[PDB]
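Worksheet for the structure shown next.
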Amino acid sequence: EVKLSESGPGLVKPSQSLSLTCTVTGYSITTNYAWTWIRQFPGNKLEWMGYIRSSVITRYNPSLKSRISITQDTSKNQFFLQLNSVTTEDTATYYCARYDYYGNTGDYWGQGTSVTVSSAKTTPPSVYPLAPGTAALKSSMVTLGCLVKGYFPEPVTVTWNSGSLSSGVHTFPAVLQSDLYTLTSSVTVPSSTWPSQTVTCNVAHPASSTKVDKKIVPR
Amino acid sequence: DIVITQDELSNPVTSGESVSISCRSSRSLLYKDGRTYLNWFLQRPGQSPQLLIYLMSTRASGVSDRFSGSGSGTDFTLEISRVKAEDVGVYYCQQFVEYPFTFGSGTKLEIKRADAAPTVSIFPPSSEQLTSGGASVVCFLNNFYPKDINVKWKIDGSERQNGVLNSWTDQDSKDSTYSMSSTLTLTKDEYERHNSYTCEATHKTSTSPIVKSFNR
């Protein structure tokens, strides 16, 4: 019944300071648990960063030297990560988790938040519909898509019909080309339900405050 | 510090089979209190790590009894009984006896299922993109097994390798297949100078390439 959620900038410049917030709901942080930060690098290596426990006790990974501080705001039931003097090596997905003293976290981890360390600039994606060139077999399936092109940094979120279309979607990992990412998403639906029912992809890029819907129309 | 090692699985596992995954530590994880401080996590594709086992053999709340942990103080095994499609992902051990509470490098579990041909779809550049001065041709090769696949592009009958970018999904948690996107990016000018575009998939399930084409 506990829930944890990370928040903070998805882009930080080199030599600057990374700050993240873990908001805890459903359980008090002035407790005997290790309220901890973990990160996962591109390539998927996991690293323990540190914890705060019982409000005033902390411990940090020696790898982080004196760059790291973990603090809390009891009034807001939040704990914080500060990581100073960042480099590109600090690009990672950051997670908060509640560890008990025996190592048990259950599934009390946040969803994670992506932090990219780069001098490059926030760029919004252009979103393009992928319709089929001609007609394909009816009373079968039809695949449609969206091309989410030229954004920085990660991530983007793609849904279809605002989440109503969940099965038969494949959202592919972004590819990086010249400091810009490109991703495609496909969706497969009964050729019965298109183009008779509308199919639209919803693309969000939080970093640039972008939120675009693109309706897939027969060409 | 303690060094944690996890071994590769050499083979994919069929739904229903059981599989054992190994983790080793250079130092004993048995503590003074008689407990052994070793965790196992599953990270499913696209998700946060989820703990399965802590103290070497204790299941977390809600964790299926299909997952069982055993070991000495230095060699540990996670046994996954009666594997389900949803078990696919990477299994990490983590020592919890001393700083820096190191995670192992992970062991990926792949599910073995029946071979399935890719469903291939091709998409001309959108009119919106053409306006912008660019032209991306997109091909999806969806829900195939096994993961090994080749994609080839042809423009007016001649193979094209430059300007192709590929992306591949992790194994699907529901049907144990893989999917791939292939995008051929050209300038609007380049795109207008040719007529026939073909995406061609070579996969074990077909002697001939499975091709999708359109004429500009």
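The listed protein sequences derive, respectively, from chains A and B.
First residue of the first sequence: 10, per my numbering; consecutive thereafter.
First residue of the second sequence: 101, per my numbering; consecutive thereafter.
Just so you know, even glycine gets a beta-carbon here, dropped at the ideal spot from N, CA and C.
*Beta-carbon neighbours of residue 139 of chain A, restricted to chain B and to distances below 8 Å*: 223, 226, 238
_Any beta carbon from chain B within less than 7 Å of residue 121 of chain A's own beta carbon?_
yes
_I believe residue 106 of chain A touches residue 45 of chain A by the beta-carbon criterion, under 8 Å. Please report the beta-carbon distance rounded to the nearest angstrom._
5 Å
*Using alpha carbons as the reference points, say which of A:36, A:39, A:129, A:43 lies closest to residue 20 of chain A.*
A:129
*asked:* Helix, strand or coil for residue 217 of chain B? Go by DSSP, reduced to three states.
replied: coil
*So, are the CB atoms of residue 208 of chain A and residue 153 of chain A less than 7 Å apart?*
yes
_Residues of chain A with CB closer than 9 Å to the CB of residue 295 of chain B, please, in chain order._
Within 9 Å Cβ-Cβ: nothing; residue 295 of chain B doesn't reach chain A, min ~12 Å.
_My parser needs the beta strand (DSSP E) runs of 3 or more residues fully inside the stretch 173 to 246 of chain B; what are they?_
175 to 180, 189 to 195, 207 to 209, 219 to 223, 234 to 244
_Let me make sure I understand the geometry here. Which of A:184, A:171, A:63 has the alpha-carbon closest to that of residue 158 of chain A?_
A:184
*Let me know if residue 96 of chain A comes out buried or exposed under the rule of 16 or more other beta-carbons within 10 Å of its beta-carbon.*
exposed
_Please confirm whether residue 137 of chain B has its beta-carbon closer than 7 Å to some beta-carbon of chain A._
yes
*Does the stretch 277 to 286 of chain B come close enough to the stretch 245 to 253 of chain B to have 3 or more Cβ pairs within less than 8 Å?*
yes
*State yes or no: is the C-beta of residue 319 of chain B within less than 7 Å of the C-beta of residue 237 of chain B?*
With chain B running from 101 to 316 in the structure shown, residue 319 of chain B is simply not present.
*What's the C-alpha gap between residue 297 of chain B and residue 139 of chain A?*
15 Å
*Identity of the residue in A:125, A:182, A:31, A:113 nearest residue 42 of chain A by Cα*: A:113
_Distance check for residue 116 of chain A and residue 148 of chain B, CA to CA, integer angstroms please._
8 Å
*Apply the 10 Å Cβ neighbour rule to residue 226 of chain A and answer buried if 16 or more other Cβ atoms are within range, or exposed otherwise.*
exposed
*When DSSP builds the beta bridges, which residues end up paired with residue 49 of chain A?*
A:55, A:102
*Residues of chain B with CB under 7 Å from residue 184 of chain A, in chain order?*
265, 267
*Could you tell me whether the stretch 182 to 201 of chain B touches the stretch 116 to 129 of chain B, using the rule of 3 or more Cβ pairs below 8 Å?*
yes
*For residue 97 of chain A, which of helix, strand or coil comes out of DSSP?*
helix
_Tell me the residue span of the beta strand (DSSP E) that contains residue 222 of chain A._
219 to 224
*Which residues in the same chain as residue 222 of chain A place their Cβ atom closer than 6 Å to its Cβ, once the five residues preceding and following it in sequence are excluded?*
209, 211
_Along the chain, where does the beta strand (DSSP E) containing residue 259 of chain B start, and where does it finish?_
258 to 260
*Under 7 Å between the Cβ atoms of residue 67 of chain B and residue 142 of chain B?*
Absent from the structure is residue 67 of chain B, since the part of chain B shown begins at 101 and ends at 316.
*Measure how close the beta-carbons of residue 166 of chain A and residue 181 of chain A come, nearest whole angstrom, since I'm counting them as under 8 Å.*
Not confirmed; about 13 Å, so no contact.
*For residue 167 of chain B, which residues from the same chain have a beta carbon less than 8 Å from its beta carbon, with the 5 sequence-adjacent residues on both sides left out?*
140, 152, 153, 159, 178, 179, 180, 181
*Rounded to a whole number of angstroms, what is the C-alpha to C-alpha distance between residue 231 of chain B and residue 189 of chain A?*
20 Å
*asked:* What does the Cβ neighbour count give for residue 203 of chain B, buried or exposed, with the cut at 16 atoms within 10 Å?
replied: buried
*In three-state terms, what does DSSP make of residue 183 of chain A?*
coil
_Counting only Cβ pairs nearer than 7 Å, list the residues of chain B close to residue 118 of chain A._
148, 149
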